[PDB]
Amino acid sequence: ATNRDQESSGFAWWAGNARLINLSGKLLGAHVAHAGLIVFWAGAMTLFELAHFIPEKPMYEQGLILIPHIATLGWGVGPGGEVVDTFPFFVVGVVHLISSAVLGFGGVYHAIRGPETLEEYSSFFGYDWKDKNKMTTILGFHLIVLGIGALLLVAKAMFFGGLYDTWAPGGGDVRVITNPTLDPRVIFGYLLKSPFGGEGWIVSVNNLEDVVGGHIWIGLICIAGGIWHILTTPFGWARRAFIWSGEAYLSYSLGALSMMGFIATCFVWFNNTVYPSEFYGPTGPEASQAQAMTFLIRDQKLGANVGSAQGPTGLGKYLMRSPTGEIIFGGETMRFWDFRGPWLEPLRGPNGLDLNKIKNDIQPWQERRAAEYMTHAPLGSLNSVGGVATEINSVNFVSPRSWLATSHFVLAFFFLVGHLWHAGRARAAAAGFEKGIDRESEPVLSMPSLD
Amino acid sequence: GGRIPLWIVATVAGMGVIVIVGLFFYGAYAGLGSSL
Amino acid sequence: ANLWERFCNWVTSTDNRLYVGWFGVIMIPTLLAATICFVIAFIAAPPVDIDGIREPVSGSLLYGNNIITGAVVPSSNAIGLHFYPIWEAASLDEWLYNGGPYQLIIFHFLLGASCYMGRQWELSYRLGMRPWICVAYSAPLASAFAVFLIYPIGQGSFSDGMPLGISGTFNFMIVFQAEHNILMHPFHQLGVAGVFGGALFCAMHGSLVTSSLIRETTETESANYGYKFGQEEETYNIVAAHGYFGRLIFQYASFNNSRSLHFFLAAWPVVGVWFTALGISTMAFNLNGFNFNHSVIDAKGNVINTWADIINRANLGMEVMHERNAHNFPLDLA
Amino acid sequence: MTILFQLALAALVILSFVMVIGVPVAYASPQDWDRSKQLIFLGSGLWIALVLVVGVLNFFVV
Amino acid sequence: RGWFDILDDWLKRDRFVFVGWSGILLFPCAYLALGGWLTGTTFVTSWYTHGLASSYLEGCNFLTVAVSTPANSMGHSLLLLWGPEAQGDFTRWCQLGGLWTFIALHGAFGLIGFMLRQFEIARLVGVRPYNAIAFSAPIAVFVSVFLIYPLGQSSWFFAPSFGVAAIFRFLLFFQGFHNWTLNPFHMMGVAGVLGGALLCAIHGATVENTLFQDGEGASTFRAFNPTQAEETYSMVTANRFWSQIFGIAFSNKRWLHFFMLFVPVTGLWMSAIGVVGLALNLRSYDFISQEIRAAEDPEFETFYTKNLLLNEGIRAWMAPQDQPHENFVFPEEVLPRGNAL
Amino acid sequence: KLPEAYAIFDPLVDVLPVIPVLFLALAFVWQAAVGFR
Amino acid sequence: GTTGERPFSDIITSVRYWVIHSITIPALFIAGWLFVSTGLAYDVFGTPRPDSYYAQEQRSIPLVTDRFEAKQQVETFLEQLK
Amino acid sequence: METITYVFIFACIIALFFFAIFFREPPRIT
Amino acid sequence: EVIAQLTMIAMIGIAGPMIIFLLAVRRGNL
Ligand code: CLA
Ligand code: CLA
Ligand code: CLA
Ligand code: CLA
Ligand SMILES: CC1=C(/C=C/C(C)=C/C=C/C(C)=C/C=C/C=C(C)/C=C/C=C(C)/C=C/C2=C(C)CCCC2(C)C)C(C)(C)CCC1
Ligand SMILES: CC1=C(/C=C/C(C)=C/C=C/C(C)=C/C=C/C=C(C)/C=C/C=C(C)/C=C/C2=C(C)CCCC2(C)C)C(C)(C)CCC1
Ligand SMILES: CC1=CCCC(C)(C)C1/C=C/C(C)=C/C=C/C(C)=C/C=C/C=C(C)/C=C/C=C(C)/C=C/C1=C(C)CCCC1(C)C
Ligand SMILES: CC1=CCCC(C)(C)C1/C=C/C(C)=C/C=C/C(C)=C/C=C/C=C(C)/C=C/C=C(C)/C=C/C1=C(C)CCCC1(C)C
Ligand code: OEX
Ligand SMILES: [Cl-]
Ligand SMILES: [Cl-]
Ligand SMILES: [Fe+2]
């Protein structure tokens with residue numbers, strides 16, 4: 001009965017993990033074991049994807065979410081995103097899965113056999129939630145680990161073979177990055193960009209030099225904040241502003257993770273740089289633009305003067321002006337004129353789409369990419385019938401972009417709910433009314449009537 | 001009365017449904033009603 | 001003390017007839033701007049080109065609407081997700097044509113209602129209460145975020161946000177059914193169980209507590225006067241309500257613990273409405289309802305229609321008529 | 001040696017499958033904390049060595 | 001003790017499942033409605049009535065199986081098994097739709113039985129019968145939608161079929177033919193259902209977040225004894241919170257739980273009135289003033305007119321297959337459609 | 001495809017990624033073992 | 001309180017219970033299987049098999065169009081299948 | 001006339017809100 | 001083939017309940 005029942009710990013079975021709040025050794029096991037599960041999943045899932053992978057189909061026709069992450073880092077892939085060597089996928093798969101077993105072993109050791117509490121076995125690993133100096137010290141160590149990790153991506157991009165660059169000429173290619181962007185006017189400009197249409201905040205990053213440079217800054221920022229925190233203790237103002245409990249720190253991180261899940265949702269939906277459409281399928285905007293392109297191409301091939309064709313509304317049937325005057329594709333897709341992609345930018349001139357380039361310079365690879373993307377638009381049914389809601393069964397397809405966006409919205413939403421739950425409860429518990437109102441001193445009863 | 005511990009019967013029962021349901025989801029892709 | 005501490009103490013005063021609080025400091029001006037703009041546009045705003053095709057829809061009372069048909073009309077498809085403050089228009093006349101009021105209202109409203117949620121937490125802290133009323137409110141708040149913000153994000157235009165109007169709302173639901181088969185989506189089925197079950201359990205609990213009111217009055221006075229505000233004791237016999245309800249079904253389908261009963265009342269609708277809000281929020285990314293079109297075929301391969309195919313004939317009618325002048329190419333991909 | 005690689009790989013699988021069930025029972029049975037300390041330690045090295053061995057053999061038949 | 005009084009004793013015995021006099025109506029009719037639904041969704045077709053598969057046997061899943069309405073050509077026939085249409089042939093009864101009337105009518109009588117049960121148990125236990133009175137709203141819905149509405153139409157065909165997606169079809173039929181969303185009686189119903197769900201959630205969360213500290217555990221559910229005298233939460237602090245948050249609050253616990261009864265019960269009753277109207281096609285379909293203007297002014301457009309264009313789509317695109325007995329043949333060229341789609 | 005060497009492990013690989021859900025299911029088996037103390 | 005019956009926690013954990021129901025439950029399952037595998041469900045309920053929805057070259061549906069000639073209409077349509 | 005009517009009724013409701021809040025029956029603890 | 005799949009997941013899945021089962025016999029520390 002070392003905690004472990006409701007009479008001694010105060011929490012019922014359905015809130016049993018709250019029994020671990022002041023048992024630092026068992027809590028360590030829970031985390032390591034759970035890290036075990038994450039690394040396990042990364043391993044098992046990748047091997048599933050490899051076992052099901054057919055290199056002649058697009059990745060996005062085959063339900064793959066993790067192999068596209070590996071390809072974007074420049075392994076297993078060549079010009080145009082063609083898979084040239086599946087062996088690196090196998091390696092990522094096996095190495096995580098193996099590692100999951102030592103993590104697994106370490107977690108189940110700490111949760112069962114190890115000391116329930118660390119604070120007497122060693123003064124370094126044991127911790128009290130209320131120790132403000134020890135908490136920022138742990139924070140600081142993890143900050144450094146994170147900074148290291150950011151610099152691993154930099155290492156891969158500059159020294160260990162580069163990254164997949166969808167904007168690389170000749171249809172994309174792996175490419176080593178040698179001029180990362182360090183100018184903080186760019187790096188931090190992204191952060192001051194509006195999140196609205198045509199600007200897109202950090203989701204608008206559209207080249208790998210900016211991406212690699214951002215990860216140099218972030219790695220150095222994290223390493224330096226680690227040192228900062230390892231060495232400092234919180235100032236008076238910060239001490240008065242926050243709740244210092246184990247549950248409050250949880251709520252702060254549920255907050256952070258929520259925000260991050262929402263950002264990942266928009267990254268995977270709009271960004272075709274660090275989520276190459278070669279791998280993930282086209283963006284919603286992209287598929288919609290590709291359809292306008294397709295039928296422009298067809299009708300122009302038949303003799304339509306696409307620039308002077310007035311549609312039913314009076315607006316151009318193929319081409320019209322954005323509200324700042326840029327030449328853009330007409331139709332409903334007028335909402336998507338912010339889209340940028342390597343298959344489309346060759347037709348772009350200073351005033352938008354260039355009609356001479358449209359009349360003369362459209363290559364078959366563009367017509368092919370536009371037809372491919374328009375028929376792999378990220379629309380489909382929960383049971384993976386591809387196309388619009390009224391389509392008949394036949395095509396078995398749902399875009400990785402849909403799966404990844406929907407899944408991380410849900411998850412971000414519930415981690416916001418978690419934040420509020422645990423934040424409010426941490427406040428209540430710190431003021432000492434989390435179990436209800438004291439009948440003998442009900443605060444409202446000492447207050448003047450509102451009227 | 002109480003010779004077979006309850007937790008055991010729970011797991012048995014559960015793994016029992018899981019199987020039947022799993023089969024119904026299999027059948028959504030095989031044979032009648034699979035669009036094929 | 002000094003000026004800033006006086007202000008702080010007033011802001012957080014539990015003696016104000018309406019609680020202000022720090023969340024209230026943002027909530028009050030954003031809700032006032034949203035309300036004032038909404039009331040004026042609903043009465044007097046001129047027609048708005050919602051779909052960006054120079055085909056303005058009239059939404060205000062003075063331009064020929066009634067209470068049922070009127071709305072504040074979503075901003076132009078030509079704008080998409082671009083930010084369209086008043087100061088970005090060359091004139092108020094341009095702003096009204098392109099639907100600027102809609103953006104102003106929804107943004108101030110989403111912000112105010114978010115702070116309304118935070119304000120519920122804030123007062124519960126100042127009163128010594130447990131803090132999770134605001135969690136319950138998160139289900140309606142998330143619903144609002146979905147139809148006014150998330151769904152426009154995924155689809156690329158505030159022109160596809162929900163209109164601020166009675167008929168506008170119907171418009172939005174019909175088009176949604178054709179574009180996403182929301183009726184066949186499990187999360188909206190969860191939402192319907194959420195709200196039907198909320199109503200059912202609402203009526204159940206009201207009827208059961210009302211049935212076990214303790215005789216404290218005569219037949220010529222409202223039973224309601226048998227309860228006095230702040231009275232020590234309970235005014236109903238919960239043992240009796242369980243005795244009734246436990247027999248109506250069976251003894252353990254019934255709740256004898258008040259706390260467990262009321263937690264169930266909170267959780268059922270809240271969870272269900274979380275799911276339907278998540279349903280709009282993920283159909284925003286075109287993960288749509290189940291598709292069983294032509295899912296049954298005979299030995300030869302003729303299609304043998306089911307009820308899902310009849311639904312699809314309806315969807316198709318909605319699809320091909322909506323925004324009848326807005327599509328030039330054969331797929332409606334957003 | 002196509003046959004000795006498949007050998008070691010099942011040696012890995014059967015040994016994992018063993019130790020998966022065995023380490024948690026060993027750990028929470030109070031009787032033989034000592035009768036089993038040796039056990040799990042040997043499986044551990046066995047497992048690890050097996051992974052290395054499968055790891056090198058892969059490159060003779062991959 | 002007469003035989004009647006002896007049978008009374010045995011029916012009102014305190015057992016795990018109370019029977020009562022009401023039970024003699026309730027248990028057979030409910031079992032058979034239930035059973036007939038399961039039997040029909042598992043094994044029975046709608047091929048001869050509707051041109052549709054409708055059972056697990058045919059390959060339908062849980063969302064698309066239905067016990068479907070009988071063919072339009074049966075009119076409002078009771079479709080008794082020993083009646084003139086089936087002539088006692090069970091197999092033909094199923095094929096002609098008899099399970100739909102079987103379910104409809106045994107459920108009607110089972111709902112009666114359930115309400116009488118609420119009355120019977122309330123009387124013996126000694127509580128007021130407000131729950132039975134509340135169940136009047138489900139009965140109004142069931143009778144209005146499943147019985148009255150088809151009796152006003154041409155036949156039982158146009159009632160709702162008993163299935164998940166069959167009911168969805170019914171919703172959309174009601175939008176496209178009746179413009180049911182525009183009906184103020186449905187709108188009051190929506191308000192009572194949504195406000196009922198709102199009352200449900202806000203009363204539950206309020207009680208859970210004004211609890212008194214009555215034990216020392218973090219699980220607050222154990223600090224409640226059903227025999228205690230005391231309110232387990234604070235009406236006074238609840239009232240202050242809501243007065244300051246929303247401006248008003250309940251102060252009377254009895255009025256509050258009576259209001260929880262009233263709101264959803266009154267909503268469902270209003271919606272039922274509207275459906276009785278639609279039994280006669282007495283719809284709130286149009287606004288004449290909008291139509292007079294729109295016809296004369298081709299630049300006048302509202303969400304009202306947009307929604308009618310959608311209704312026009314639903315009717316023409318869905319009617320031939322949804323009402324096969326009409327033999328509707330719509331050439332491609334007559335089908336209303338906008339540009340491109 | 002996996003490397004042809006590991007092809008015999010294709011059906012074990014097809015079931016591996018569902019394993020993390022069994023941990024959640026195994027925790028409930030465990031509390032039923034201890035009667036949800 | 002206790003209405004007097006035997007507790008369920010008590011019955012299902014009892015061996016006598018499982019002696020009886022280790023047989024009956026599977027037996028009912030197999031009855032139901034048989035019900036469909038014998039094709040018997042089709043003839044009881046009149047449900048078309050996959051080959052009996054249409055005649056080989058017909059595309060119209062055997063919709064009942066008369067109230068009282070109705071049972072005859074179905075029979076005559078079942079003959080045009082052979 | 002119809003516009004005036006809808007606005008009048010809406011305006012009365014807003015005035016009702018004001019009195020129902022600020023001029024309510026005050027709750028007291030009997 | 002798919003029996004291989006099912007025999008694998010039959011064994012994996014019983015693995016869990018067994019640990020619980022073993023530790024219960026040994027009056028383990030559940
Ligand atoms: C996991 C990441 C993490 C976390 C949890 C913390 C947590 C903490 N830090 Mg550390 N910090 C980090 C990373 C982190 N830091 C890194 C990487 C650096 C290097 C830059 C620092 C540098 C740093 C300094 C220099 C200080 C802290 C301090 C603190 C404490 C107060 C935090 C606070 O008030 O929040 C934020 C709360 C506020 C009220 C700030 C309000 C400002 C606005 C509202 C927010 C936006 C500011 C942002 C910088 C710019 C906006 C970007 C925009 C363009 C999108 C807290 C323990 C403080 C402390 O006590 O020192 C020991 C302190 O002085 N940290
Ligand atoms: C990621 C999921 C996760 C993790 C890591 C934990 C971890 C933990 N929980 Mg929580 N728990 C969870 C989910 C989780 N739980 C869920 C979903 C519920 C709700 C049903 C609970 C309910 C709950 C309660 C009610 C309690 C805990 C407690 C504990 C701790 C001690 C448990 C104990 O004594 O085990 C004893 C159990 C056994 C010895 C049975 C065997 C368990 C082992 C770990 C099986 C491992 C199998 C694996 C395949 C090993 C082989 C691989 C290896 C070679 C690497 C431990 C740190 C307890 C606590 O706080 O103690 C103070 C406690 O009382 N938890
Ligand atoms: C965050 C992870 C973490 C933390 C903080 C601890 C902390 C602790 N463990 Mg645990 N443990 C873990 C993970 C963790 N362990 C894992 C994964 C395993 C399985 C391998 C174990 C297995 C384990 C056992 C079996 C025992 C401990 C013991 C201890 C205690 C002493 C260990 C010590 O001082 O090592 C000394 C540290 C070193 C010699 C430094 C080298 C350690 C490695 C090689 C560092 C490599 C870091 C790596 C490069 C970073 C990447 C890691 C990965 C994420 C990629 C201490 C309380 C002991 C205990 O409690 O005794 C009573 C004990 O007997 N642990
Ligand atoms: C509570 C019990 C109950 C009730 C109310 C009903 C009601 C109904 N059933 Mg169901 N049914 C039941 C139990 C019940 N059933 C059971 C147990 C079974 C299994 C056998 C069935 C099987 C069944 C089938 C298979 C069918 C029905 C059908 C019907 C409908 C027509 C009934 C009819 O015409 O009766 C006519 C008979 C009576 C009304 C009985 C009258 C009794 C006497 C003779 C009255 C005269 C008394 C005398 C003059 C005075 C004596 C005084 C007294 C003191 C002695 C009706 C909805 C039909 C249906 O749904 O079709 C659409 C149908 O086909 N039922
Ligand atoms: C604590 C606890 C818990 C949890 C636990 C956990 C979470 C665990 C973890 C664990 C883990 C996480 C583990 C891991 C393991 C792993 C393994 C054991 C693996 C191995 C591998 C192998 C054997 C491999 C092989 C191979 C290769 C190499 C290639 C290909 C083929 C194959 C795949 C076969 C619970 C809640 C229940 C309860 C209470 C307490
Ligand atoms: C990598 C990369 C990059 C970069 C990045 C960066 C550089 C970033 C940064 C970031 C940052 C720089 C961040 C920030 C953050 C912040 C935050 C998020 C804040 C928060 C705060 C709070 C939460 C507070 C609260 C409060 C108040 C207000 C009052 C009192 C109380 C409290 C304290 C609660 C780029 C884009 C270029 C590109 C791509 C990649
Ligand atoms: C799907 C799911 C998700 C959550 C977890 C859970 C494990 C619960 C779960 C499992 C659910 C499953 C698959 C449920 C399946 C249950 C089934 C199909 C129930 C079947 C019961 C059928 C019954 C009685 C049928 C009785 C029929 C009767 C008397 C027939 C009466 C008669 C009729 C109809 C016509 C005339 C003759 C006669 C006798 C009068
Ligand atoms: C008990 C109870 C109480 C309330 C009612 C309820 C019905 C819910 C109920 C029922 C519970 C039920 C049905 C739960 C089922 C629990 C079961 C099936 C859990 C199974 C757990 C199994 C686990 C982890 C196995 C993990 C195995 C591992 C690492 C595999 C590692 C391996 C790998 C990765 C490569 C090959 C070698 C090897 C060793 C196989
Ligand atoms: O705007 Mn409103 O609605 Ca969503 O899809 Mn495309 O866009 Mn328009 O069409 Mn169908
Ligand atoms: Cl429309
Ligand atoms: Cl278009
Ligand atoms: Fe209540």
Side-chain angles (χ1 to χ4, degrees), chain A residues 132-133 135-140 142-147 150 153-154 180-184 186-193 195 200-244 248-249 251-253 255-256 259-260 263 267 271 273-274 419 423 427, chain C residues 22, chain E residues 22-33 35-36 70 74 77-83 85-86 88 90 93 96-110 112-113 156:
Chain A
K132 302 195 191 70
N133 194 97
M135 285 303 113
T136 52
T137 283
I138 303 316
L139 171 60
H142 296 164
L143 238 0
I144 288 155
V145 173
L146 290 185
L153 181 58
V154 182
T181 312
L182 309 170
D183 189 350
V186 176
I187 296 307
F188 292 100
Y190 277 111
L191 270 61
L192 307 182
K193 276 177 112 174
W201 194 43
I202 56 175
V203 174
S204 65
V205 68
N206 59 4
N207 65 91
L208 293 179
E209 281 69 37
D210 289 357
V211 164
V212 170
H215 283 89
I216 299 177
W217 273 94
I218 265 286
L220 295 189
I221 287 168
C222 289
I223 294 185
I227 283 146
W228 172 253
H229 274 307
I230 297 167
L231 291 177
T232 61
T233 61
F235 305 136
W237 70 258
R239 294 193 293 270
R240 291 179 292 276
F242 289 99
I243 306 298
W244 311 82
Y249 311 145
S251 78
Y252 309 148
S253 299
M259 184 173 153
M260 283 185 274
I263 297 168
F267 254 100
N271 184 285
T273 297
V274 305
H419 170 67
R427 277 264 178 150
Chain C
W22 298 112
Chain E
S22 53
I24 301 181
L25 192 51
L26 174 56
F27 295 107
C29 291
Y31 190 66
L32 292 188
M74 312 287 144
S77 176
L78 299 159
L79 238 42
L80 316 187
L81 175 56
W82 61 85
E85 307 82 359
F90 173 83
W93 190 56
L96 293 171
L99 284 184
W100 189 89
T101 54
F102 185 88
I103 292 153
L105 293 157
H106 282 87
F109 282 107
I112 292 159
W156 301 123

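Protein chains get the first letters and strands the later ones, always in sequence-line order, with residue 1 at the start of each. Just follow the structure's listing: the first ligand is 1, and inside any ligand the first atom is 1. Heavy atoms only: backbone and side chains are in, while hydrogens, waters and symmetry mates are out.
Around atom 10 (Mg) of ligand 4, the protein contributes the following N, O or S atoms under 2.8 Å, ordered by chain and number: E:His106 NE2.
By the criterion of a heavy-atom distance under 4.0 Å, neither the backbone nor the side chain of A:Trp217 is placed next to ligand 6. Within the 4.0 Å heavy-atom criterion, the part of A:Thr232 lying near ligand 1 is the side chain and not the backbone.
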Atom pairs and distances, side-chain donor-acceptor, residues 208-230 of chain A, under 3.5 Å, sequence neighbours left out:
residue, atom, partner, partner atom, Å
A:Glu209, OE1, A:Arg175, NH2, 3.4
A:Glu209, OE2, A:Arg175, NH1, 2.8
A:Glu209, OE2, A:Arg175, NH2, 3.3
A:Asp210, OD1, A:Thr181, OG1, 2.9
A:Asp210, OD2, A:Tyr190, OH, 2.5
A:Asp210, OD2, A:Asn207, ND2, 3.0
A:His215, ND1, A:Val211, O, 2.8
A:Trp217, NE1, A:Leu182, O, 3.0

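Against a heavy-atom cut-off of under 4.0 Å, A:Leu191 is close to the following atoms of ligand 1: 54 (C). Near A:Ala238, with a cut-off below 4.0 Å to any heavy atom, the atoms of ligand 1 are 60 (O). Annotation for ligand 1: atoms under 4.0 Å from non-hydrogen atoms of A:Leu192 are 54 (C). Listed by atom number, the atoms of ligand 1 under 4.0 Å from A:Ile221 heavy atoms are 17 (C), 19 (C).
Using a 4.0 Å threshold on non-hydrogen atoms, atom 25 (C) of ligand 6 does not count as touching the protein. Atom 53 (C) of ligand 4 is never approached by the protein to below 4.0 angstrom, counting heavy atoms only. Protein heavy atoms are absent from the 4.0 Å sphere centred on atom 41 (C) of ligand 4. Counting only heavy atoms, the protein never gets under 4.0 Å from atom 37 (C) of ligand 1.
Here the heavy atom of the protein found nearest to atom 35 (C) of ligand 6 is A:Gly214 CA, 4.5 Å. Looking from atom 63 (C) of ligand 4 to the surrounding protein, the closest heavy atom is E:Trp82 CZ3, 3.6 Å. A:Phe242 CZ, 3.9 Å is the protein heavy atom nearest to atom 35 (O) of ligand 1. In terms of protein heavy-atom proximity, atom 9 (C) of ligand 6 is closest to A:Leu191 CD2, 3.6 Å. For atom 59 (C) of ligand 1, the nearest non-hydrogen atom of the protein is A:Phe235 CD1, 4.0 Å. The protein heavy-atom contact nearest to atom 36 (C) of ligand 6 is A:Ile202 CG2, 3.6 Å.
With sequence neighbours left out, the ring-ring contact (aromatic ring centres under 6.0 Å, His included) criterion links E:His106 to E:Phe102.
The closest heavy-atom contact to atom 39 (C) of ligand 1, among the options A:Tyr252, A:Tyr190, A:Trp237, comes from A:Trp237.
Between the CE atom of E:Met74 and the CH2 atom of E:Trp156 there is a distance of 14.0 Å, given to the nearest 0.5 Å. Remark: E:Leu96 CG to E:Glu85 CD distance equals 8.0 Å, nearest 0.5 Å.
Around atom 10 (Mg) of ligand 1, protein atoms of type N, O or S found under 2.8 Å number 1.
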Pair E:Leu25-E:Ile112, side chain to side chain contact (heavy atoms under 4.5 Å, CB included): steps then yes or no:
CA-CA 8 Å; E:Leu25 192 51; E:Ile112 292 159; 3.7 Å; yes
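Shown here is E:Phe109, whose CZ atom has no more than 12 heavy atoms of other residues, nucleotides or ligands within 6.0 Å. Atom CZ of A:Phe188 sits in a crowded spot, with more than 12 heavy atoms from other residues, nucleotides or ligands closer than 6.0 Å.
The shortest heavy-atom distance from A:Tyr252 to ligand 6 is not under 4.0 Å.
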